[PDB]
Every structure is written in structure tokens, then in C-alpha cells.
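Accompanying notes for the structure given below.
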Amino acid sequence: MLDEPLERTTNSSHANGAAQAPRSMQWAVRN
Amino acid sequence: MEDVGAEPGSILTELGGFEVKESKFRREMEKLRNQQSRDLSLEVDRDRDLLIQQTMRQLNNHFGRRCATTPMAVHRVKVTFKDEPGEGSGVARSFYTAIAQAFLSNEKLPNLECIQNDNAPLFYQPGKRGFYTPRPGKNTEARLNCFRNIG
């Protein structure tokens, strides 16, 4: 199957300040 | 929005997306919600017709006086159902969904001829599905009162 799974949960948001930007321009934002 | 928004009169707040406006409205609705004493306390059922008539009757009885006594806000809205004890915001969600489904059906409205002291559905679909505008007929006061109630 798949040895490495992916996590789809909430919380665990430590110092997040740049992921709220609209999708179409996320090419121009890192972290 | 973490830092630049904190500056007084920032333009990013003026030209912000939906997030800023919804956050501000939620803050102000928390402010105005927790400063209200009285509630609604209406009694209805899960049917289509009796639910509508009880909602209208209770809302009319609650706000009955000489003209409107300023905009009134309530801390909570509680609803009571026959043969079903239960209170809380869950009853608020249930009542909202049930009354919206009752008023969104494309069927004749329940005959509420006792609202005092013709029957075409209030809302229809002149455009795409799921979007509604009032349907006025002979311009009777009962439908005006019912529109006030839905408002």
C-alpha cells in the first residue's frame, strides 16, 4: 500500500502568518 | 493582518477581504449579544403548517405594543416543542432550519386568517434555483405582517 501517510487534522498552528493569502498568488509567498 | 492591521486607520483594513469584515462583525455581535437580558421563548412543532402559524403567532404576541420600541436585541433564543423537552442553541438551529424549509416550499401557505387583532407562496424563484424574492398580490396587511415576521 502506502507506507507514508498524510495527516488531515486541525490545530498545530505554530507561528502561522502567511497561509491565509488567496490561492492564485500563493506562488509568491513562502511559509 | 497580524501587525499592519493594528496600525490606526490602516488601508489594508479598508481594502481587506471577507476575513476582516467577518471578524469585525463577529466581534461587534459578541459585544451586542452579551448585553441583552430577555429572550424570545417561542413554542412550535416540527410540522409544516402548525410550525408556521405558531411561529407567527408567538412573534406577533411578543412584539405587541404601540409602534416599535426601538431596535431590540436578545442574548439567546429558546424554542419549545410539544412532547419534546429541550433547550439551547440546538433548538435555535433546528427552528431556523425547519422554519426556512417551511417558508421555502413551493406550496400554498397555511391559512393564517387570525393574525388580525391571498394565499400564494411568499417567496418564489424568478431566477436561478435557491434564490427568492417576495410575491405580493392584493397588498393586504396580513402578508405585510408576515413579511415583518420573516424579517
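In order, the residues displayed for chain B correspond to 2201-2317, 2500-2533 in Swiss-Prot numbering, which applies throughout.
If you check the header, you will see the structure was determined by electron microscopy, 3.5 Å.
Here the Cβ of each residue, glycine as well, is placed from N, Cα and C on the backbone.
Checked against Swiss-Prot, the residues B:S2237, B:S2289 yield a single entry marked phosphoserine: B:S2289. Per Swiss-Prot, the annotated phosphothreonine among residues B:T2213, B:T2269, B:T2280 corresponds to B:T2213. In Swiss-Prot, the feature phosphoserine is attached to one residue out of B:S2210, B:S2241, namely B:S2241. The Cβ of B:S2289 (phosphoserine) lies under 8 Å from the Cβ of B:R2276, each on the same chain and at least six residues away in sequence. Across the structure, B:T2213 (phosphothreonine) and B:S2241 (phosphoserine) place their CA atoms 39 angstrom apart.
Annotation note: B:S2241 (phosphoserine) sits in a coil segment as assigned by DSSP.
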